[PDB]
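Each chain gets a letter, A, B and so on, in the order its sequence line appears, and its residues count up from 1. Values below: all heavy atoms of this structure, side chains included; hydrogens, waters and symmetry mates excluded.
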Amino acid sequence: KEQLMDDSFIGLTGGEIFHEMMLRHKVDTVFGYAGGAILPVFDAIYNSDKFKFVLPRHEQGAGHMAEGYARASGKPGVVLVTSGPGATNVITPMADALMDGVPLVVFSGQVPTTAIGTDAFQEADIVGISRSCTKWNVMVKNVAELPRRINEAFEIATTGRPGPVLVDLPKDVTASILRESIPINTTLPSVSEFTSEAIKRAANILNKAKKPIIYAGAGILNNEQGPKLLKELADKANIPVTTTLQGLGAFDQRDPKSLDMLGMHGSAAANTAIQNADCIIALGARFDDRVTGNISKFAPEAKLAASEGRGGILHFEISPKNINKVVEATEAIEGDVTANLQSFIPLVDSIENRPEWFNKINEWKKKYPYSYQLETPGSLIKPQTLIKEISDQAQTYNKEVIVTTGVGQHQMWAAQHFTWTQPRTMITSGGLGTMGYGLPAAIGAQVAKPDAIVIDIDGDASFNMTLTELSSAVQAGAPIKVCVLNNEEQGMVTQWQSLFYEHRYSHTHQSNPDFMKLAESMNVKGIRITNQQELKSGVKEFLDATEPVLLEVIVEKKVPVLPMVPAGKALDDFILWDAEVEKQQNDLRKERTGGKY
Amino acid sequence: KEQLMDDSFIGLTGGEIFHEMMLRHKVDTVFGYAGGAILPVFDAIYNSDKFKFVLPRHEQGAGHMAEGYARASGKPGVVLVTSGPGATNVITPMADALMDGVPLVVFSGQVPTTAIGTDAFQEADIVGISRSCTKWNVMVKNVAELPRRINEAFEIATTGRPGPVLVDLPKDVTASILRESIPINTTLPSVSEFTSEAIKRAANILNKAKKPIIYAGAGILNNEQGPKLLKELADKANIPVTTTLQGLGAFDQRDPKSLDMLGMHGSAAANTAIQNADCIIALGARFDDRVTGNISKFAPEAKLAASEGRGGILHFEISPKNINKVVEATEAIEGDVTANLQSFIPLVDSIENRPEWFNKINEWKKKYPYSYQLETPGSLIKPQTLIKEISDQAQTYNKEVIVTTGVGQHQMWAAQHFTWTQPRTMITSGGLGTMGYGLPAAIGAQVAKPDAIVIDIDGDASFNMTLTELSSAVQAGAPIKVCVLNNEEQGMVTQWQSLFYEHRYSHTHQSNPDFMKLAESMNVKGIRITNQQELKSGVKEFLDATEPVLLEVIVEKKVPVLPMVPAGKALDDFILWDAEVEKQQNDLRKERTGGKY
Amino acid sequence: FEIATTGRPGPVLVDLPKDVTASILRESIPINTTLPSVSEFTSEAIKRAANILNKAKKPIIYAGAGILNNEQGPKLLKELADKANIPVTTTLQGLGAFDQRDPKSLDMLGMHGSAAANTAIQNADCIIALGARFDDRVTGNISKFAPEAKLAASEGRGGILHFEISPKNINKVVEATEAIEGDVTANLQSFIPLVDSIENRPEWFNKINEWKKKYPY
Ligand SMILES: Cc1cc2nc3c(=O)[nH]c(=O)nc-3n(C[C@H](O)[C@H](O)[C@H](O)COP(=O)(O)OP(=O)(O)OC[C@H]3O[C@@H](n4cnc5c(N)ncnc54)[C@H](O)[C@@H]3O)c2cc1C
Ligand SMILES: Cc1cc2nc3c(=O)[nH]c(=O)nc-3n(C[C@H](O)[C@H](O)[C@H](O)COP(=O)(O)OP(=O)(O)OC[C@H]3O[C@@H](n4cnc5c(N)ncnc54)[C@H](O)[C@@H]3O)c2cc1C
Ligand SMILES: Cc1cc2nc3c(=O)[nH]c(=O)nc-3n(C[C@H](O)[C@H](O)[C@H](O)COP(=O)(O)OP(=O)(O)OC[C@H]3O[C@@H](n4cnc5c(N)ncnc54)[C@H](O)[C@@H]3O)c2cc1C
Ligand SMILES: C/C(=C(/S)CCOP(=O)(O)OP(=O)(O)O)N(C=O)Cc1cnc(C)nc1N
Ligand SMILES: C/C(=C(/S)CCOP(=O)(O)OP(=O)(O)O)N(C=O)Cc1cnc(C)nc1N
Ligand SMILES: CCOC(=O)c1ccccc1S(=O)(=O)NC(=O)Nc1nc(Cl)cc(OC)n1
Ligand SMILES: CCOC(=O)c1ccccc1S(=O)(=O)NC(=O)Nc1nc(Cl)cc(OC)n1
Ligand SMILES: [K+]
Ligand SMILES: [K+]
Ligand SMILES: [Mg+2]
Ligand SMILES: [Mg+2]
């Protein structure tokens with residue numbers, strides 16, 4: 001009885017209890033910003049030596065920083081903000097975290113319980129507003145339930161498909177003192193036969209397959225053994241591997257079995273292979289609409305195989321909501337993909353060779369490289385070339401390399417032209433696609449991994465969204481490396497306007513600040529590369545820097561990302577790069593715009 | 001029949017119909033930012049000469065710009081953004097607009113109807129998320145109902161208490177073409193006996209009053225004749241006038257009847273007067289908790305008068321929700337306050353003199369000025385003095401002067417020390433209290449009033465939130481004037497930490513960029529005032545500038561805003577400025593922080 | 001009234017505060033409010049659906065409540081079944097849409113439906129779904145539903161042709177080979193003239209008649 005109750009927190013404020021529970025959940029970093037409603041918590045964590053506190057310039061920054069932290073570390077990112085505008089400012093990061101499966105634990109101050117529902121000073125209905133962009137939220141109503149609500153939040157955030165949760169903290173609750181004992185369980189943090197039979201059935205299906213392919217995504221990264229078991233499966237059964245944008249780094253792209261990224265802007269080889277495979281092994285990926293192309297025309301050969309009892313789609317997925325949501329799984333294997341792979345692989349027949357299949361695959365890889373128009377004398381640097389340069393030079397340091405991005409063409413080129421080899425090194429906003437993500441994510445990732453090289457490959461329009469957080473990087477002691485691909489345009493949107501709206505560029509050219517004077521004002525090192533001859537040495541100075549650094553690179557404008565699967569088209573119905581076509585496109589654009597673009 | 005149907009829109013896309021309806025609603029300005037889902041609308045408004053388009057750097061900027069535009073102009077502010085993160089980025093401005101009664105019409109792109117509910121690319125449930133921070137929202141489901149939904153949005157935004165609405169626009173709807181005729185009514189924009197009796201009763205109550213006071217707020221500004229009728233009432237019945245923060249400018253503060261601002265940081269004279277009045281005439285104000293002080297102790301004399309049938313509270317309010325929400329109205333007069341004043345005033349007895357009442361009031365004004373510690377030799381500029389300087393010099397131009405603010409101490413000092421004389425010249429975030437509001441609001445206000453002087457009185461922490469929008473001011477041709485009060489602290493929060501948390505400054509000092517190099521990078525004129533001797537000439541250069549200009553002023557740190565009604569205290573239980581107390585506070589702060597602050 | 005009766009019909013509620021219904025109208029109102037009330041994409045889908053049916057060797061009509069939401073519904077259902085010589089099964093809610101005395105009638109399908117109807121749908125190469133939503137009382141185990149029609153779809157010689165008015169119910173339970181959006185009766189008027197008349201299906205109807213004989217209630 002007395003063994004089941006705890007009185008060790010009696011006499012503490014809600015704020016102090018918060019502090020203690022952070023410690024018990026092994027929180028080493030908090031991202032946040034103060035305000036009137038959250039002052040009792042800020043008073044309790046005053047000069048704490050138990051975790052690092054990171055102060056942004058804007059709560060959106062705190063949110064994206066916590067996301068970057070979470071994706072780099074595999075731990076939940078913790079956010080601490082005030083009521084009202086402090087809390088509504090974290091909504092985009094929460095929606096972002098939900099779409100990309102990021103464990104985010106948001107604590108928001110709230111007006112006193114006696115003031116809730118009165119349209120009080122700095123009162124927002126954050127529980128109502130954040131409901132659709134969290135896995136779960138709650139408003140703590142008294143200090144006695146505060147430890148329990150904190151436990152539940154961390155548990156929900158990190159289990160199933162990871163995602164954001166919000167915990168609302170009324171000021172009178174965090175200021176109040178615990179006077180009663182509480183269940184000791186609340187003061188501490190934390191294979192079905194049906195699934196076993198599904199695994200056996202899945203193995204038998206794969207053991208019949210003649211053209212298998214692994215389609216791997218973010219879920220394989222949610223276990224340290226994930227990439228290891230993926231490689232073990234691919235080696236044993238001799239299977240080519242393609243990944244999503246969010247799966248980049250799960251498989252060593254230097255391996256001959258690597259088909260690179262699939263999808264709208266993925267490799268035409270990967271896209272061809274998945275459209276011709278008789279068995280698709282989907283490992284922690286959700287068949288997003290950037291990946292599948294036209295859904296009714298997706299994976300024709302695997303559907304045929306399924307109907308003929310010799311193949312199909314084997315879906316390893318932890319969230320039942322995402323099983324049979326987009327495409328029918330021939331076998332659904334529910335639970336953690338890594339754990340289920342341990343049971344799967346020993347049932348899978350070892351295969352030495354697949355001559356006809358790998359002959360096709362090798363032929364496809366050869367005819368479908370990421371081709372583009374190279375520099376010519378006097379031309380600007382091509383964005384594709386810049387990415388290759390950064391990738392090549394970065395690999396030569398004896399440090400881990402982590403990449404974050406903004407959203408747009410630069411993001412796709414980063415995905416295509418880097419060589420991905422390590423897990424949790426691509427940190428990018430994929431589901432929601434939030435411009436401005438790049439810089440604060442890099443800061444969060446850098447705090448999680450102080451010895452890593454962290455590179456933010458950013459667009460000029462994206463960078464403009466959140467560039468005030470440069471000051472935050474300095475104050476946090478985070479030596480991030482920001483590379484702005486300055487094409488002086490919202491390139492991804494102008495690409496669509498070029499292609500579908502006859503070169504009518506409607507409000508897609510924002511004016512840029514002087515990025516070198518900007519960096520100087522922020523106390524950050526600045527480097528500007530303006531021509532081909534400065535590329536190599538400029539990138540080296542960038543990577544050699546031991547302080548926060550902003551590199552601006554002037555790059556070619558009005559260049560499309562290719563290959564491209566246009567909306568409505570089958571995954572293997574792609575547009576490929578062609579030199580003559582690009583030249584004609586340039587002439588057309590010039591004529592139509594009176595030579596303006 | 002054919003007279004009631006319209007076919008003039010047949011053949012147009014949803015995007016083109018949007019364009020036409022903007023014209024019909026007399027929209028002259030749109031604030032927005034492009035994206036994939038909203039491209040059919042952006043294509044339709046391409047090179048439109050029918051309205052000015054303003055491009056921010058961040059959709060939060062668009063939102064606050066539209067708010068500034070709306071408050072300066074009295075027209076709805078129109079926002080046009082894309083799906084997903086474009087739309088979630090407008091949530092803080094929407095919550096802001098709701099709390100402050102600002103007519104905001106937000107149009108957000110959405111993924112095609114065929115993709116909704118699939119966790120699609122850049123899909124957010126913005127209708128669900130924005131529900132609690134809009135008056136009303138809707139998702140348009142086909143092009144035939146688009147004109148009707150646009151009409152409803154503008155109508156709801158601008159009637160009753162004005163507020164934000166959101167209209168969600170699926171891409172396939174805006175791309176689709178109208179093939180059918182629609183009701184011609186949808187293609188065009190738009191005194192009860194009970195209230196009449198209430199007015200008569202209210203007049204009889206006022207005609208008995210011996211200590212009346214007018215408590216006027218934002219609602220009086222929602223009609224051009226508002227301030228005129230307020231003055232007519234105050235003159236005829238000889239009544240002193242106090243206003244809220246949001247009512248500043250409704251009454252000429254140079255008039256002897258002016259009691260200035262009431263509330264937490266309002267004049268102790270105004271606060272004393274309302275606590276002693278036997279009749280309170282509340283004109284378009286909602287008894288917010290920043291104004292009332294301790295509610296149970298609010299307006300004792302008016303409650304007594306009500307019980308004795310010789311006075312009370314007469315509440316002129318347009319929204320039934322806000323009648324009898326906080327305090328009981330003796331008489332509730334529902335509807336537009338200006339219209340109801342036209343019926344009220346002729347029933348009100350003219351009064352020539354109130355010797356005993358105005359003797360008290362004049363005595364109170366004399367003993368309760370906005371006192372503070374003046375500069376001393378070698379000291380930094382006092383923030384209160386800076387505000388007075390700007391106010392005095394700005395009044396000497398032959399132009400309208402509009403002021404926006406950030407949120408914090410600078411905001412309160414701006415409210416106190418400017419002399420307010422004209423309606424719609426205070427544009428400040430009061431209900432939600434959003435830091436970062438100042439700069440984009442100024443841009444919106446400047447676009448609404450191209451011939452006005454627009455001054456953003458901003459805090460350094462507030463300015464950091466949204467400083468990227470400096471580029472937007474330049475690209476928009478908006479010659480705003482930004483004054484950053486640089487105390488190198490989140491002053492309002494450090495004031496509370498000084499007073500209630502024993503000078504424990506927990507994470508309330510963010511590092512600032514070099515504001516002069518920042519302005520230079522943004523192509524904005526920069527002025528820095530660092531000492532008392534530069535104050536006058538620096539402010540003159542600031543106001544004489546004919547281009548966007550950023551003025552940084554180094555001001556005294558750790559100075560409290562006074563007077564102050566602390567939480568829980570009655571409105572007339574205020575802290576006043578005292579020179580000796582300030583000195584002791586300084587010594588205490590110095591000792592406790594080891595001389596750090 | 002408009003929302004209740006259009007799309008898939010359904011319930012609506014209108015809440016009427018007492019002071020509103022007691023109050024008197026003092027102002028004029030838009031005269032429109034005082035009175036009650038084929039896409040190329042769908043046309044192409046219909047043509048494609050017809051071509052699919054014209055290849056079919058074991059077709060079956062699966063008809064439900066939606067066919068009853070137009071007076072001409074049952075008429076056009078019968079016209080289609082006669083012209084292309086197709087056996088007809090219905091849901092519980094579709095009962096009465098087709099004359100069960102007709103030799104083409106397979107009776108009700110589903111959990112407690114005719115084993116003949118259930119056998120027939122599991123063996124059909126083309127399923128014409130007319131105003132029915134593939135409810136879980138009807139489909140049985142979903143992954144094992146309509147094996148022959150899925151095979152036919154993959155081999156480009158059949159599949160599921162779904163005539164449905166509510167987009168929410170298209171591709172909700174089973175993937176439609178062709179989705180024909182809108183009122184099923186109206187879309188049948190466009191569909192039937194593109195459909196090849198068939199006089200006999202000896203092997204198919206031999207199976208069907210055998211199934212009806214061995215599976216009475
Ligand atoms: C401009 C732009 C273009 C894009 N184009 C492409 C493109 O061409 N190709 C591409 O791939 N992406 C592209 N995307 C990104 C795309 O939108 C998606 O974000 C991405 O494809 C999702 O990848 P994912 O399924 O691996 O990750 P997620 O979206 O996170 O899905 C992971 C799945 O695995 C499950 N899971 C999680 N944990 C586990 C576990 N422990 N065990 C089992 N299952 C688990 C999850 O529940 C979920 O169903 C683009 C994005 C942008 C902004
Ligand atoms: C740091 C800080 C300190 C603050 N301290 C103070 C302070 O000391 N003093 C102070 O006053 N404020 C203060 N505030 C601001 C305060 O929070 C409120 O925002 C403000 O008092 C509201 O003023 P209001 O009632 O006039 O405007 P609103 O909040 O807009 O309320 C207007 C009312 O009038 C009604 N109305 C609207 N239109 C009409 C119409 N046509 N006819 C009739 N009625 C209509 C509305 O429905 C509403 O009920 C502070 C804000 C901050 C950020
Ligand atoms: C104890 C019990 C046992 C049951 N067992 C069975 C069983 O064995 N067999 C069986 O069939 N049912 C059974 N049911 C009933 C079953 O649950 C469903 O209610 C029924 O099958 C639904 O039939 P339906 O699809 O035709 O009608 P609905 O549920 O109404 O679906 C009609 C579909 O047609 C669409 N539609 C509507 N109007 C139009 C239009 N104008 N044009 C095009 N489309 C339109 C609708 O949007 C909808 O998708 C049972 C019920 C109970 C209580
Ligand atoms: C406008 C836009 C995009 S991606 C513009 C991208 O601009 P930039 O950073 O210069 O990248 P790029 O030139 O290398 O392509 N959007 C599409 O994704 C819409 C969008 C709009 N707003 C936000 C916050 N996020 C978004 N993704
Ligand atoms: C932190 C804070 C405030 S007001 C800090 C204000 O900083 P600053 O701009 O330098 O003004 P000041 O020094 O003249 O007072 N908050 C209280 O209102 C909390 C807050 C936090 N975040 C947002 C977006 N808005 C807020 N109001
Ligand atoms: C800003 C948070 O405000 C509140 O929490 C709040 C809201 C409504 C009623 C009472 C309070 S309170 O009395 O419990 N707390 C405050 O009012 N705090 C407060 N903090 C700061 Cl830094 C400033 C301020 O008024 C400007 N008020
Ligand atoms: C970004 C908006 O995306 C959508 O609207 C969207 C979402 C899900 C499915 C189909 C579409 S769509 O086919 O109707 N439109 C697009 O996919 N548009 C699109 N626009 C840009 Cl500028 C980029 C892009 O992919 C990167 N996609
Ligand atoms: K690569
Ligand atoms: K004043
Ligand atoms: Mg760009
Ligand atoms: Mg400050």
Side-chain angles (χ1 to χ4, degrees), chain B residues 71-72 74 212-263 265-274 277 280-285 291 316 337-338 341-342 344-345 348 350-351 353-354 357-358 361-362 364-365 368-370 387-394 396-405 412-428 430 445 449 452-455 457:
Chain B
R71 286 184 59 171
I213 190 179
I214 290 170
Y215 153 57
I220 207 80
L221 300 177
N222 283 338
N223 192 306
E224 281 186 7
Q225 303 311 311
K228 172 179 136 52
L229 291 192
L230 162 58
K231 183 193 202 322
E232 179 174 344
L233 170 65
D235 283 339
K236 182 176 189 191
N238 200 16
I239 309 169
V241 174
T242 184
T243 74
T244 62
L245 177 69
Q246 302 292 22
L248 291 173
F251 190 73
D252 193 332
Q253 289 192 331
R254 293 169 303 184
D255 193 288
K257 293 178 212 299
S258 178
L259 276 166
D260 210 270
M261 193 183 75
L262 86 176
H265 286 302
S267 171
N271 287 348
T272 301
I274 195 159
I280 296 171
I281 312 172
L283 302 177
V291 163
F316 292 69
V337 53
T338 298
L341 278 177
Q342 295 174 31
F344 184 65
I345 295 172
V348 173
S350 181
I351 307 279
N353 287 120
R354 301 178 185 271
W357 184 221
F358 269 105
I361 283 161
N362 291 333
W364 288 331
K365 303 219 279 169
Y368 295 133
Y370 288 131
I387 301 300
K388 290 167 124 64
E389 184 71 24
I390 296 175
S391 186
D392 290 335
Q393 294 205 34
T396 70
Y397 294 78
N398 201 20
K399 303 177 100 201
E400 284 176 341
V401 174
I402 299 170
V403 173
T404 72
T405 75
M412 294 297 97
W413 283 321
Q416 292 177 346
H417 289 284
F418 267 93
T419 300
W420 306 95
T421 60
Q422 298 306 314
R424 297 185 178 104
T425 55
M426 181 50 147
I427 295 176
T428 189
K449 299 293 192 187
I453 291 172
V454 178
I455 301 164
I457 304 286

CD1 (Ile361(B)) and CD1 (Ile213(B)) are apart, to the nearest 0.5 Å, by 6.5 Å
Closest heavy-atom contact between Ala414(B) and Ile387(B)? CA-CG2, 4.0 Å
Can you pull out every salt bridge (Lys or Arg N to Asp or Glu O under 4.0 Å) where at least one residue sits in residues 237-250 of chain B? Sequence neighbours excluded, please. none
Which pair of heavy atoms, one from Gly430(B) and one from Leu245(B), lies closest together, and at what distance? CA-CD2, 4.3 Å
Just by distance, do the side chain of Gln253(B) and the backbone of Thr419(B) share a donor-acceptor pair under 3.5 Å? no
Under 3.5 Å: donor-acceptor pair, side chain of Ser258(B), backbone of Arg254(B): no
Side chains of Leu230(B) and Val241(B): does their closest heavy-atom pair fall under 4.5 Å? yes
Is any side-chain heavy atom of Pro227(B) less than 4.5 Å from a side-chain heavy atom of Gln422(B)? no
Is there a donor-acceptor pair under 3.5 Å between the side chain of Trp357(B) and the backbone N or O of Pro212(B)? yes
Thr428(B) backbone acceptor or donor facing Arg71(B) side chain under 3.5 Å: yes
Using only atom types and a distance under 3.5 Å, with no angle test, would you say the side chain of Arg354(B) pairs donor to acceptor with the backbone of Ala237(B)? yes
Between OG1 of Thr244(B) and CE of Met261(B), what distance do you get to the nearest 0.5 Å? 8.5 Å
Between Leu248(B), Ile457(B), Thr425(B), which is the residue that forms a side chain to side chain contact (heavy atoms under 4.5 Å, CB included) with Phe418(B)? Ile457(B)
Is it true that a side-chain atom of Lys365(B) and a backbone atom of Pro256(B) form a donor plus acceptor pair closer than 3.5 Å? yes
Under 3.5 Å side-chain donor-acceptor pair for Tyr368(B) and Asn271(B): no
Just jot down the side chain to side chain donor-acceptor pair (under 3.5 Å) partners of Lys231(B), sequence neighbours excluded, or say none. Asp235(B)
Rounded at 0.5 Å granularity, tell me how far CG in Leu283(B) sits from CD1 in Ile214(B). 6.0 Å
Can you tell if the side chain of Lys257(B) reaches within under 4.5 Å of the side chain of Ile239(B), non-hydrogen atoms only? no
Is any side-chain N of the basic residue among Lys228(B) and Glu232(B) closer than 4.0 Å to the acidic one's carboxylate O? yes
Got a donor-acceptor contact below 3.5 angstrom from the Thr242(B) side chain to the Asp260(B) backbone? yes
For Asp255(B), what residues pass the side chain to side chain donor-acceptor pair (under 3.5 Å) criterion, not counting sequence neighbours? none
Test item: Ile402(B) and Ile453(B) side chains (from C-beta on) under 4.5 Å apart, heavy atoms: no
Kindly determine whether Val291(B) and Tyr215(B) satisfy side chain to side chain contact (heavy atoms under 4.5 Å, CB included), including the steps that lead there. CA-CA 10 Å; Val291(B) 163; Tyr215(B) 153 57; 3.9 Å; yes
Heavy-atom donor-acceptor pair, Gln342(B) side chain to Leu229(B) backbone, under 3.5 Å: no
OG1-CZ distance between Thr338(B) and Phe344(B), expressed to the nearest 0.5 angstrom: 13.5 Å
May I ask you to test the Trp364(B)-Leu259(B) pair for a side-chain heavy-atom distance under 4.5 Å? no
Rounded to the nearest 0.5 Å, what separates atom CD in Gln416(B) from atom OG in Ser267(B)? 9.0 Å
Within the 4.5 Å heavy-atom criterion, are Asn222(B) and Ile220(B) side-chain neighbours or not? no
Nearest 0.5 angstrom please: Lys236(B) NZ to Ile345(B) CD1, how far? 7.5 Å
